[PDB]
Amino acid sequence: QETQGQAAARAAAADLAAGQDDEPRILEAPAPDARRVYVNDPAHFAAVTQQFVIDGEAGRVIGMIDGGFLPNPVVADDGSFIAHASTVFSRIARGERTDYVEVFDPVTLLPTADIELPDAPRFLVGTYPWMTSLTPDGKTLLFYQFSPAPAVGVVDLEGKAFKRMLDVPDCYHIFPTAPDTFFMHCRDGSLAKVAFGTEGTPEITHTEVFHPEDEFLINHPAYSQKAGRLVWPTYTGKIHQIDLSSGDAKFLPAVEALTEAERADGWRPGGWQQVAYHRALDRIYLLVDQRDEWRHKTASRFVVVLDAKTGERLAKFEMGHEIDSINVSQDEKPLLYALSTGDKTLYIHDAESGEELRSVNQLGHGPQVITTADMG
């Protein structure tokens, strides 16, 4: 009802009338909690970019973080820190490149580490959350390199140092499952398990091929590290689920997020972060709309919600805006976050009823990525 600007005016006016003093100072953000939500703006490939830290309950910006060109954000699930890998140049977008990792305190937002990555080794790509990833203990950050060949960089956040590049096969994305192990998805349609050391060839093993070459797996799968659950939609809304919880891949039954009647009438997923997964409810949420087969990065106006174990549809929400990315908070009665790149606005919905509750606008130039911590 009363907006935050209006409540603040009412309070400042009462302070003034009462003669209440207060010292102008640098605020702390509120403590990280399950309803904090981060939105990253890659700004349609601009040389500098912004992250917005938002209290999802209040629909309020509580902080920002500046970044360089197409940085990769991560957020520790336990709330203890956030970090990114980022790239700057000595004359805006020209000159000497420096890539680096910063770690930030999640309340003061001050950098607590700034770790240079030798030889400018980051992969510059429109932002994919699982192209840079934390190990479950938070001590290591792993980032992807494409040039000259697929490789994964290992950064020791505890010791605040780069460690080494690992050579991998022709594979992509990084889903860590342990201090020394992560999985990747390979061109051949296998997953690769890579287990590594401080020195030495890593031990790399493959699953069998789990999808044929004409079934396309999107660049924004959902991965719950705490559940070990990799949720990987294809262009038609077929969803692979892989359970990495035992440390080896076990595969679950594939489900369809769309019915055969819907797919015959042109319904397909589309957007950027098209899929979210709620760990405690074991529920999948997918952005979908009626679209041509090659309009797979356009916004969508609907989200289907399904039970990950059976595939049953539990809801189909009309979001009422052009939504490019979704995610959910991981608490009991979660919020469903719906970010519109075109509106530069985060819409915050009740994930159970689908109802829009509040929104936060003016989020940069082309905001695309939502990250939440799973604190529970």
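Between two forms, the rigid core is defined as the largest C-alpha subset superposing within 1.5 Å. Heads up: residue numbers just count along the shown sequence, starting at 1.
Participant: Which segment is farther from the shown form on average in 9 other deposited structures of this protein after a rigid core fit, 282-290 or 195-203, going by CA atoms?
Facilitator: Clearly, after the core fit, the stretch farther away in 9 other deposited structures of this protein is 195-203.
Participant: If you average the CA temperature factors over each stretch, which comes out higher, 311-319 or 37-45?
Facilitator: Here the higher of the two C-alpha B-factor means belongs to 311-319.
Participant: Higher mean Cα B-factor in the deposited model: 10-18 or 358-366?
Facilitator: The stretch with the larger average C-alpha B-factor is 10-18.
Participant: From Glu28, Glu57, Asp324, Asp66, pick the one with the largest CA B-factor in the entry?
Facilitator: The record points to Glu57.
Participant: Out of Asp289, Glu102, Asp99, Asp180, which residue has the highest Cα temperature factor in the PDB record?
Facilitator: The listed residue with the largest C-alpha B-factor is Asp180.
Participant: Taking the chain's C-alpha temperature factors as the reference, tell me which third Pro150 falls into: lowest, middle or highest.
Facilitator: Its C-alpha B-factor, which the entry lists for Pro150, ranks in the middle third among residues of this chain.
Participant: Once the chain's modelled residues are ordered by C-alpha B factor and cut into thirds, is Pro118 in the lowest, middle or highest one?
Facilitator: Ranked within chain, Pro118 CA B lands in the highest tercile.
Participant: Going by the recorded CA B-factors, say which third of the chain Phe251 sits in, lowest, middle or highest.
Facilitator: Ranked within chain, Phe251 CA B lands in the middle tercile.
Participant: Quick check on the deposited entry: does the C-alpha B-factor of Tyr144 sit in the lowest, middle or highest third of its chain?
Facilitator: Its C-alpha B-factor belongs to the lowest third of this chain's values.
Participant: Give the position of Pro129 by CA B-factor within its chain, expressed as the lowest, middle or highest third.
Facilitator: It falls in the bottom third of the chain.
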